[PDB]
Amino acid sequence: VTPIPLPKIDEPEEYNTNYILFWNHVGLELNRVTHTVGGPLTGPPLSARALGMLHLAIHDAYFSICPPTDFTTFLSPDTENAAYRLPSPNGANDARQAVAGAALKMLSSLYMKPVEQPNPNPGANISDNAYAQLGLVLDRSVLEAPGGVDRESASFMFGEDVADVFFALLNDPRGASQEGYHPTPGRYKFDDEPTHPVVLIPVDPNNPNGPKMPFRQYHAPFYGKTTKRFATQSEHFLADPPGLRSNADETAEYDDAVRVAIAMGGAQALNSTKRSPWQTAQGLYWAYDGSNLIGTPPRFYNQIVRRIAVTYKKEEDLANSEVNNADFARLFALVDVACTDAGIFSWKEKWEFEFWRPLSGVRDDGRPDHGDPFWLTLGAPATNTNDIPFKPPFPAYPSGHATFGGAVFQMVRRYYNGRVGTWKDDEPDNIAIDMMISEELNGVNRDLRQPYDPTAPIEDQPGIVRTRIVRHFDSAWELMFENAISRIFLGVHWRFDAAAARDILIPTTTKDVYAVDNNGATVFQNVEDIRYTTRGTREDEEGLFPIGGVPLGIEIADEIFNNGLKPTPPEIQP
């Protein structure tokens, strides 16, 4: 089978000499490959779940062999419930091999063609080529693993046993099913986006050349409400979005959000677009909208965390240092589990409210002086394809990017506080990173002029190459903020999808109306001054709740961290 030529990753080759980072890398490679071939575990929420499961398995295998002192394994060897019972080592003491067995078994269980009968519905739409391409990745990873892989060792066998428990417990086979779901048209309501109202896909994935059939995608409408949570200790809720329920009277906020959406998120050439060239770059930088050779946001978030992990490591040797191994195993488990639960709660709230995307909101507004029936957004980029930009197939409120980012970066901030600097947990840190390149703007990936060719390196395919932009950031607080506002620049999210407008924008004397500069561009608050303090009401619940994705992710990370990475009590699972 012709292996797909993958473009080079911008990262020091030394990172992969550490076996914890190496297995994270294999996970990221499978993420970008399934999104290129249309294999299993695609989309933002399930792709995050895959990495959370990989890192829990790695975490409990490693720490069972090299017992920690500050915390314990996620699961326990002494639990009464067989489902949450961790296997015992019994003499196995090679952590490298135990981690290899756990990582390999988990990734194989997740990406293998379902031989266990359960294929219909759950994955009855994935070609054999997809499975074969992912298999090649798994096969060569065995040969590239630092220190090699000994499948015959007891430690390796133990790790496999560890992955089995986690796989049985947390795998959600029908997680992304949409069967039975249909939008309900109306003001503020999500429906198929007007530039991609229907797509034509093969009737048989094994014959991608016709016949095709009409398909309308609704991404994981039942997941958030039915799936098992990983480590959260309660259910998380957001305030009703402007225009709906208890906040249906918040019309000045809504109308101004419509204004900001047009100015900041329109197509490049529209006379109404006020976004600057730099802001367009900040918008594309954080995309990772499930594109060919790129994958989803959790992939990028891990790429950033690898850099942070290595930049702030306690010891200089990446290959043979149990201190570095332990630090990385713990960090990635915390970050990826937080990313998984953020995906769950952002999806639960997305489909609870079914709030429409800005493209439809602006076009269908209905008022002659507020909407633009012909507006076009910069959009989510269809990188490495000759397709046009699109609107992700799921509700707007809250933003998945914003929630993932709040969780991932608040976790990094809780983990490194007192080690890299000192700050109050709800205030800006000093976790700086440099030489950070996004694959959306690396001087290699591009917008093609003809269909993508999976047998040729991307460099040999005609298109407009994305400018290479090397960035430096001063804090994880900045990372969290830019990640969220990037979606406003693409025009795929409303301001309140990221956070309360009051917390991120500059106020004017007019309530709910914010500042714009000379060229009518929105002015944001300096990162150092931002505090996510504005909360709102819910019609069905008493109390004040966070507004938008960032504050939601932040609360998810704090809860998990504060409870020391402990399973969600079986009592409160759906």
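Residue positions are given as counts along the sequence shown, with the first one as 1.
* Higher mean Cα B-factor in the deposited model: 561-569 or 19-27? -> The stretch with the larger average C-alpha B-factor is 561-569.
* Quick one: higher average CA temperature factor, 263-271 or 186-194? -> So the stretch with the higher mean C-alpha B-factor is 186-194.
* Using the entry's values, work out which of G549, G543, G38, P45 has the largest Cα B factor. => Going by the entry's C-alpha B-factors, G543 comes out highest.
* Largest Cα B-factor, entry values, listed residues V33, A50, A57, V527 -> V527 has the highest C-alpha B-factor of those listed.
* Asked: Going by what the PDB entry lists, where does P5 fall on CA B-factor within its chain: lowest, middle or highest third?
  -> Tercile = lowest for this residue's CA B-factor.
* Thinking about Cα B factors across the chain, which third does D255 belong to? -> CA B-factor rank for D255: middle third.
* Asked: Taking the entry's C-alpha B-factors for this chain, is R174 in the lowest, middle or highest third?
  -> Highest third, going by the recorded CA B-factors of the chain.
* **Among modelled residues of the same chain, the CA temperature factor third for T280** => Tercile = lowest for this residue's CA B-factor.
* To do: Among all modelled residues of this chain, ranked by Cα B factor, put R85 in the bottom, middle or top third, i.e. lowest, middle or highest.
  => Within its chain, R85 is a highest-third residue by C-alpha B-factor, going by the deposited values.
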